[PDB]
Each structure stands twice: as C-alpha cells, then as structure tokens.
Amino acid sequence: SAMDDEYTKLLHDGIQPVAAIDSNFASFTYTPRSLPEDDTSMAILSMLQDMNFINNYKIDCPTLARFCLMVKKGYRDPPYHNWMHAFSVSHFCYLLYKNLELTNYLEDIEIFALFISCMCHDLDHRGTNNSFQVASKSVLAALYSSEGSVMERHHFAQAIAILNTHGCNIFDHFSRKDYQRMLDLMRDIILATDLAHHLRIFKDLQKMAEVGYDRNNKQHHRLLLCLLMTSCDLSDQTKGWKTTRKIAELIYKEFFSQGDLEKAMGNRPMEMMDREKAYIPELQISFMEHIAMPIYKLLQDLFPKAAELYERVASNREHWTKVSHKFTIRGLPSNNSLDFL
C-alpha cells in the first residue's frame, strides 16, 4: 500500500513547478544527487511537464504516475547502479534540453525517447557487468549472450515489460507508426549505453563532429542520440570534485563486490575489480582520459555551450593527479601501529 499512497499523492496533489525544486535546478552546476530520493518521482514529473512532453503527447496523468513509480521500483540497490543513478542521468538529459537547444538538432519524439530511455537505461541492474553474466552463466546471458550487450538488452526488455503492465503504457494512444518509432528509439538509445557500442561508433562520432552536424542526415540523428545518452550516463563527472570522489567510491564498492564473487568462483577478476590490486587514482585517470573526456570533447565540438562541461571533466581529472600522493602512507597510520603489515 506504500506505492498506492505514493501514487495517490503524485496524481492528486499536482505537479510541482520545476523552480520550486531548487533555484538552480536547470543549471549545469546543480547536483541532482542532492535531492532527497523521496522527492525524485515528483521531480521527474516536473521535468516532463517543463519540457512540455505531457501536453505535447497528451500523456494520461494516472498512467504517467504509475509508469514513473514502476520505473523507480524496477531499480535494485547496488552501490552505484540504483534509482538515484537513473534519476541523475535523467536530470542531465533535462539540463541538455534546457541549455543546449536540442530542438535545433533533434525531432521532438527523439528528445522524448532520450529522456524516457535515461529513466530506464539501467533497469534491474544487479551490480555486475556483461562479462560476469557470461562467466557465471546467468539467465540473462542464456537469453542474450549470443547477441552481446547482455545487461543493456535486459534493461530495454525491462522497460518494455513495464509498458506492457496494465495501466502503465504511457504511449498506448500513439499511432502505430509513432509507437513503433518510440520503441525503436528506446532500443537504440539504451543499447548505446554499452561501452562496447560507444567504442565501435567513436570514429563515426568524430567524423560527424568534424564535417559538421547535418539535421537532414538521419545517421547524424542516430549518432547524436548515442553521444547525448553516453553524456548523460557519465554526467556525474561534470560536477564538482566532491561528486566525482563520492561516485568513485560507489563505483569501486560495486566493482570490488563483483571481484570478490569472481574470486570465490575461482576466476581472476579484472584488475579494476580486484580490491587487492586496484589503484583507484590511476584507474580513474584512465577512465577520464580514455572514456569520459573524449565524450565531452565531442559534445563541445558539436555544442559550443557544452564547453564548461568538458572543462569541468578535465578539471576533475587533474584533481585525481593532485590527490594521488595521499594514497601513499607516509609516517605511521593514525593509530601509531604497523600491525597492518
């Protein structure tokens, strides 16, 4: 009855103005993880309203309220891949809309699909990666390993199962063509969140940025959607040092738990997943330099107003260098004991 009462309030109390959430809510400086989790479903509705999706697509309010709650409920509680991750990703999507004028690049339905996909893009994550599904012979690998992107195929299927739950299909009044289009977009966008996919299309993303975005080019729309999605997924890096440091802590707790499971199964975990080997500053510098920074550089190349995003990610990368020396124990530990040897 908890979800029941939550739904009742979401529906009958009305959608709070986005400004009432926080005065800097639509700024790139805002940290959505600062929002209490109990306020996040209402904030999703607020953002949807402010982007005019509810009016433009005549979304049924009861259905939308149920959908948002079901999506939130469809996340488990690992250290990083939980609802607060999906919420913050979705918030960054809203920030791109508010700050970068997406309507000059993308169709309305494409922006709508990007935001809905942000909400659903890690549904039912179990705190382990694609490699672990295959190594552990999980049910997800049995279903999808032959296709690849095992977890991302699962996330997308979970999103569809929510839509297919009675009372939850926010698109069910759509035309046949628009419905098919929306689900196709969600497939493409969610599958774009596999790092393997990003690596595959990276040269194409570069070539798009250098020749220039062509709104009449259907391939450019698809590539831009992939880039924007990956920008949202990594958007914790575009905030202050405190956010970056906290997210590293959640990510490596999640990783080392997987690593401990791999050790128990007799397998040699990835080094970044092995708490006995992993050197966090060097790992994060490598992630920032090889993955995060090139993505926000592409974003800047395509959207000059995204410059501050790249500069912040580069700044956070430099901070890891600055604090790395603190991972060396100098003098004695605080307890004046060398017992830990």
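Residue indices: 1-based, along the sequence shown. Here, rigid core means the biggest group of C-alpha atoms that superpose within 1.5 Å across both forms.
- Taking 119 to 127 and 237 to 245 in turn, the stretch whose Cα atoms are more displaced from the shown form in 9 other deposited structures of this protein following rigid core superposition is 119 to 127.
- For 210 to 218 versus 152 to 160, the mean Cα distance to the shown form in 9 other deposited structures of this protein after rigid core alignment is larger for 152 to 160.
- Averaged over their C-alpha atoms, the temperature factors of 117 to 125 and 146 to 154 are higher for 146 to 154.
- Comparing 163 to 171 with 76 to 84, the stretch with the higher mean C-alpha B-factor in the PDB entry is 163 to 171.
- When the C-alpha B-factors of 138, 216, 238, 230 are ranked from the entry, the top spot goes to 216.
- Sorting 50, 60, 38, 274 by the CA temperature factor given in the entry leaves 274 at the top.
- Sorting the modelled residues of the chain by their CA temperature factor places residue 99 in the middle third.
- The entry lists a Cα temperature factor for residue 315 that places it in the highest third of the chain's modelled residues.
- In this PDB entry, residue 195 carries a Cα temperature factor that places it within the middle third of its chain's modelled residues.
- Per-chain ranking of the deposited C-alpha B factor places residue 287 in the middle third.
- The deposited CA B-factor of residue 300 belongs to the highest third of values across its chain.
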